[PDB]
């Protein structure tokens, strides 16, 4: 009879390897174009006829309809990498594929899959030892801060304002970074004017609902509410006794509760997301007051500035100037929703990168430089490690050659030529030597500015490696239909 | 890759053994209807538009294109049995088919082809030992002559004048036989008039002017005319003539079956089976007479073990009867060799499994 | 003939045996890909898109929609091998499969099944009796236990931290043996951090609901309560009077009841799994009363140190130092949840491995070391039985050699070649000769620590022979009614 | 085979098993059990000596030298030679290439 | 146009006979390989999920959904064979099918069934006469009487507890023997415990309406009552005036009637199955009466021990020690309902064979010894009959040889060879020689201790033959759409 | 097995640019005639009848049934 039931697609040994590897390659190359300032975005439209124009690989994979087992593993690699530091989302993808590609070629020759993993796993630990030694430690310091932020802003659609997005993110992550947290950063996408209008507000912005209320309150006594203001006098009256000139309700507010809050000169705001309430409690010091009867004067947070700005022609309350504002708000501005989307996508990344600094100062000269170095080192390492592993180790490194290869790829520069040249000049110019796309030729990344985070690379190698290895072991899997 | 040549039909073991037996058996059944006094003629026409309505197996087989190798063996048996004595030319065939038939059954049970061969041969040698102890001796004497000649003219087309034809071969083979030899007999087919107008031309070389309404009738009469002559040659060369009517067969089947009981082993089956073949003779005899073989044989066998050898089967009257008292006595030598040739024929055929035909 | 109902498949003559043999053989090869330290786990995805990724054979054969009536039987064999013993579940499937292969070889030759059965059966008994002569006698020795438990952890994921987990297993098993009981070792898995933080608590580990309830009770008297504490203060008054400082409730606690409990300094938890309640009464010696008014100062369990420490941002309630040091908890700290899934299975087997090691001083050289032995033995045992039986024994011995072959298989080395070396070295060194893949040559399994429990091998031959042969009898199933 | 050792051990053993085809076939052409006879013949052989053979005419293992059954030397010798030699060659021929 | 219905099949002459036979001969070649200590259990699969893997032809034919009536009758053959002497259910099926295979051989030679049947029938008597003519009388005697019940219970799921089951049937059949009626052995099975808790109760058993009433009576004078005691005082006074002490009510008794009978010291049992009222009137001698107004001191039976015991928390009434304990009650204990219906049958079949050792303890050596002698005898009778029927006689006799043939077959040795040697020594040294499946050689059964009760083989020949009749008679089978 | 289901038409490399290029070129041509003082008006019908005579590309590209990505751009 049938070894397995019906509707169960199976694959054993190489048969599976080819499929898994192949699927991963096309998926790794698809996003490969989204690397460097030559990153060619893509337009994915789900069932709901929604158009998504993003350059971030993770955003792409998490929006693409993937049903292939091994292929899904790539979506995980990009997911974790995006959750770790954000930058290098595509790095892991492509690399992961190259590995499998070099490995598969080893099997077809007669090499045991076992040795493959061992060789690759052993080289994964060697690299994690080379990177920390070669890395270029940088100096906090607004001077060094802008340097890394300036190298994380490029390669995107907002490259025209890489100087503005640099200072904007440099100010925010430098007002409350105790141990910095990317969650204390609220970005807002307001349409109107070019991105060269983006501002940095020291606080949290939102949208009020009452007019007759105080549009611009001085030292406000914020009172975060969550319970609806529907019935309305005793509820709004108990808020005027505490001295709350600013009401931030979580749910809806009754029209009679608004007119009363409008008569008490108390600026009321209804329909406030649950996260905006929490962010307002850790910025001004307000207490999440459930009911409208227990609020007092010790539950009111202080906000020196709570005015109503109509930037871009849309009303927005700016709760800035507080005692210990632990959460700032990035006021983005865009001429189109498209540009506004891309910009924000990159802003977050920089937020994570900065978060990497607060927990890792080290940085490496990106642009393929580090890759080539590791390839060089690892290769030599393989020659120092006898056994069939010498082949696997060298093959692993040969994979890193896919990163700069993609670089000259999305630029139309013959990889065969640029690579050979890169290595040569790299074996003499050391680490710093990289590839400058803007000008097809070798160049010192450290001087060009292009510097990536050490930790950013670290995880990448590990995550990608371990992941790829897994997909290679499971060489036999039917299903259970 | 291609085994032998292109279009070379071959077989081995079961498939083969079955192919050969099927052909032989069928070839035996066809002529099996030409045995006994109920022998029904056949109409065979060759590539020359020639019609030969003969009842003699030999004549038939030698008119039928038998390319089938395994079957060819059956053509030799009838030919050889027609050269020696003639009469019972169908007796050697039918028997042959049976032997192989009850043989295939044995193998398909799990027996060894060899053990089957050994048995049949052991019993065959034994049978020929019972033949002389049962044969009815005799001595030239116009008496026993016209008696054997009469039982040799029957079972043939011209059986209507079994009396005249009897006297025809009675005079001739009694004028120059000095050590008789059929090479002195010259049969002439003269179309015209019935068969009652037959004459005997005198003399070491007598001419036999035969008369026949048509050709088919002419050949039929002549065919057997030689039967009465040949049989005479045998008797004058062998003073022994066993009782027919199936009598001898049954007894040989009664002795062999018990002979297998005294000789155990894989031979036992083969032996008892060998004897079961002799029962095919009285079976065919009844066959042509439209009588139930199963019933007639069982009855015959019972009385046979009561009335002894003599007990036979009288077709002219569906019931067992004494052949020796009914005047039914065939040639000893005739039966003798038949059992030999047939037993031998079947054997070689069996020992042959691989054959590279072509179609 | 119409003895069957429309649509009733019927196996007849050799046809049945053929389909059956190939069947059991196929599934036997598919599972043969995950045997050894170089094995490869399989990812089975049922209908709901579920994704079961494990290495254990049993589980796999329990998720794969098998349509092969024979394979289905092979699934029942791996089951009786995991319920009675556990580890090696795979080994069995291969034996029975390979076994049928040797038989068929004979059947197609003309040999009748019956005579063959007697052949194998004759070898089985002798085989089981040989395992009684080759069993290594040790004791509750902590050293050998560490070796076995360690070797068990190997060939899997945790093979990275076998040394640590193994140690914890030996201790937990040493404190739960009376006659070892695994139900006394609570396996609690938690995410966050690495799997190198796993510790061994000697009490209970629940995964103060109110912010005013003590976060650490000394001689905490547990007042187990099953009923709900909702529709209140009168129920809290009855607890304080019964001297219950730690009320672990199985149902939710009314918000108002928590305020009255925390006001008294009472540490009460809510929504506790029924399985955790029964473990709290058998460790601290407490009585779980249904209604809140059935509790009394004599139903309070005696605890030594009940503290609530964070096991990864999640505060867990540790109720260790119980009056009965026979109830230990094996906390599992590791990366993702999926990882802990496999690991938890590793310990389940580690505890069982050590369990049988102490309950049975048997410890034979695994890694095929035993296989080859028995094989050669039978080879010299067949000439003493002769008859077609000689073949049976031989075949059974040749079928036993599958284990070492598969070893050289999953490793990559030449199956046949290695077999010759191991066999030639086994008949020169003794029963301590095994197939060490890490060295690519036959070594002393008893010197590398590679040891297996007698129960395994013993039980193996048992479940194999019986079933296997039975599959040679069933020459027709016919689905009718 | 246990002396030469290595993958050859199998080769030799297989060659020995292949030689056992003669006795098997004999019982095959006689009507006796193939395997059954092989056992009896092998057992007695490993007892009496090179004089034990398969006597079909009796259906049991008998002494060839006794029954008078003997084969010339040249015959046997030439048998294994022409066999193994040519036999192996065919095994090496992994290709032939043809046309139509 | 359409004679018999539309769309209907129609056979005739050489088509009716041929089909009828083959159908039965075929269904025989399905379980034939399941005969002997080397049988081959089949694994049927009904369209529900119940995989029945048995060796007993009966249970096999009761699962195989049949269509053709011819085969259905065969199921009736096994339904009548397993209902008598149990085992041998296959033997009869094999023979019945063979007798036909040889019969058709005559149907081709053209021998009307009549002439055939007549022989088969007269031959059937031949075997019987021979059986009792060569069978040995084995002594009741509890000693041998046990070895007769045992040999049957053997090789069964009950075999484990055969000894106990044997005595159960021993005591049961040894009590209902006055001509031993098996319709007095009331079997009762209750879940709980093992098969070793079974026992034999001397009296009817019911499955104390007042907690104060008599729990046990010294001289119980039961009064079978069908009507109800509900609407009571007058009804309860007409019973007490009959000098009773236990009223077995078939329907429910009113609370009032419960106090009145309790007031007079009379154990009342309301709601008693009708079947129980019939068993109490035959063991205790209490006449069953409708209304109470018809209850006299004559319908009152008499017991000697009516104690209510809790057979598993279920207080079952035990009315044992009846004057005429001709109807005992066997309490069968089993893990489940499967080991309960199984054990029940093995016990029942055991009761039958034992029912023979006390009426006609005749038995013939197994190993087919019986079949052979008869076959050899019938062959003699053939020559003593002559005529056309002389052959048929032999045919049947040669058809009884299938038992030993198929016997040695499932062993491996030659079937024909053994047959020759069988009849040989069997025609010399009496019938004491039979086939030995363990030695593959004909051995003196009588001397080996292999004997089977005549009855066992008695029913065999009778059934098999009779079967061929009703089938051979089947002239036509129309009736279609 | 199988990355994308039977429907996720994957166009990468060049077979993507081409298609998007051809359609864009053709759509433009449609209005390419409404250029100039003597342009070629287009009576756009909304299937339901209502015929709209326009000469402006916008009004035309906003009243036409566009179902192509590169076209909607």
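In this document, chain identifiers A, B, C, D, E and F correspond to the written order of the chains, with residue numbering beginning at 1 in each.
Following the convention adopted for this analysis, a contact is a pair of C-beta atoms (placed from the backbone, for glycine too) under 8 Å apart; a residue touches a chain by one contact, two chains touch by 3 or more.
S.K.: Between chain E and chain F, which partner chains are common?
M.R.: none
S.K.: Per-chain Cα mean versus the mean over all protein Cα atoms: which chain has them closest together?
M.R.: Located nearest the centre of all protein C-alpha atoms is chain C.
S.K.: Could you please state the distance in Å, as a whole number, between where the Cα atoms of chain B are centred and where those of chain D are centred?
M.R.: Distance between chain centres, rounded to whole Å: 48 Å.
S.K.: Where the centres are mean C-alpha positions, what is the separation of chain A from chain D, in Å?
M.R.: Centre separation, chain A to chain D: 76 Å.
S.K.: Where the CA atoms of chain C average out and where those of chain F average out, how many Å apart are those spots?
M.R.: 64
S.K.: Give me the residues of chain C that touch two or more other chains.
M.R.: In chain C, residues 69, 388 touch at least two other chains, as defined above.
S.K.: Contact residues on chain B for chain D in the complex?
M.R.: Where chain B meets chain D, its residues are 111-115, 266.
S.K.: For chain C, which residues count as touching chain D in their complex?
M.R.: Within the complex, chain C contacts chain D at residues 109-111, 383, 386-388, 390-391, 416-417, 420, 424.
S.K.: Flag every residue of chain D that touches chain B in the complex, lowest number first.
M.R.: Residue positions touching the partner: 30-32.
S.K.: Using the touch rule from the top, collect the residues of chain A that touch chain C in their complex.
M.R.: 1-5, 8, 12-13, 69, 111-115, 473-481
S.K.: If we count contacts the way the header does, which residues on chain C are in touch with chain A in the complex?
M.R.: 19, 23, 26-27, 30, 33, 38, 40-47, 53, 63-69, 71, 410-413
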